[PDB]
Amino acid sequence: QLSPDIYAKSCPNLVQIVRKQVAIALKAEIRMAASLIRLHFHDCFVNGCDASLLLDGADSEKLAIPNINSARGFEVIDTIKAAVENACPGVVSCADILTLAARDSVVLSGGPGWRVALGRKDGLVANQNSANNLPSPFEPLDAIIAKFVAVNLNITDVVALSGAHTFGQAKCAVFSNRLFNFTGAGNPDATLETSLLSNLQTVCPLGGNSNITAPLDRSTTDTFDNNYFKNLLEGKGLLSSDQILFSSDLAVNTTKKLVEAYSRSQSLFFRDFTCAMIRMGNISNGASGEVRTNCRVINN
């Protein structure tokens, strides 16, 4: 049972300590705000929000197909954790720190804030197999929805949480297939607006460095706002998994209207986003855990 005051006696200043450290990280690299919330997402969708993703090793989740050469911000988490451990030795879990850092990243980026409930335990093992099953930018909308349903989330959560792509980057490798010969017909993805198509072809030329990135949100790259959804109405979503929320056949009577509603009301988007984040932060696999003192390895 989570509670915002679970550390009221054991670590009174936790919230402030984490906030100050997140602000320091964002000052050094603004993209880190995006990277941190993505870590929380990838943590919660595998063995629950138990910091299993932070564990190193030959069988680490960091090597899973969706995480390798992709997930980032591990050094920043170590720094935050070190500050918290200096202030309250062996008290706060890495799982909670990741949750708080995600919330702070949204807030410091102009997004909505919410009171985080604490008390999560850190897992004892990595689940690389499950991490390979994380949502893919290449799969159909129904497949993405099924992955959210599997962890007790739903369609509304899919659309609202996809809004996190209102900031951050995505490498050429996960969207360049939409730029030249998307289906074998020799044409780019027909749902991609031509001016964006032109800019992306410049960023991702055939045979070039596929690790170069482009902003997920072409209007306000670092500001957390509903501009992500406005992009979709114009066919300017970067990943196929973004644009299908508006343009796919399945979206018509499912996600399409939600995308249009968030575009009309940022307050609505912010309300649903906070709601979905809290729900995602409540995912647990019920396995035994502990308060991990070094996020990269178990205590014993």
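The numbering used is simple: start at 1 and walk along the sequence shown.
*Asks:* Decide which of the stretches 55 to 63 and 38 to 46 has the higher mean C-alpha B-factor, going by the entry.
*Replies:* That would be 55 to 63.
*Asks:* Averaging CA B factors per stretch from the PDB record, which one is higher: 161 to 169 or 136 to 144?
*Replies:* On average, C-alpha B-factors are higher across 136 to 144.
*Asks:* Please pick out which of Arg72, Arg120, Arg218, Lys81 has the largest Cα B-factor as recorded in the entry.
*Replies:* Max CA B-factor in the entry, restricted to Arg72, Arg120, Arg218, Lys81: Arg218.
*Asks:* Which of these, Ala261, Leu239, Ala33, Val252, has its C-alpha atom at the highest B-factor, as the entry lists it?
*Replies:* Reading the PDB entry, the winner on C-alpha B-factor is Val252.
*Asks:* Lowest, middle or highest third: where is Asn209 by Cα B-factor in its chain?
*Replies:* It falls in the middle third of the chain.
*Asks:* Comparing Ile244 with the other modelled residues of its chain, is its CA B-factor in the lowest, middle or highest third?
*Replies:* Ranked within chain, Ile244 CA B lands in the middle tercile.
*Asks:* Among the chain's modelled residues, which third holds the C-alpha B-factor of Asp96?
*Replies:* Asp96: CA B-factor falls in the lowest third of its chain.
*Asks:* Quick check for you: using the entry's CA B-factors within this chain, is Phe229 in the lowest, middle or highest third?
*Replies:* Its C-alpha B-factor, which the entry lists for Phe229, ranks in the lowest third among residues of this chain.
*Asks:* If you rank the chain by CA B-factor, which third does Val106 end up in: lowest, middle or highest?
*Replies:* It belongs to the lowest third of the chain when residues are ordered by C-alpha B-factor.
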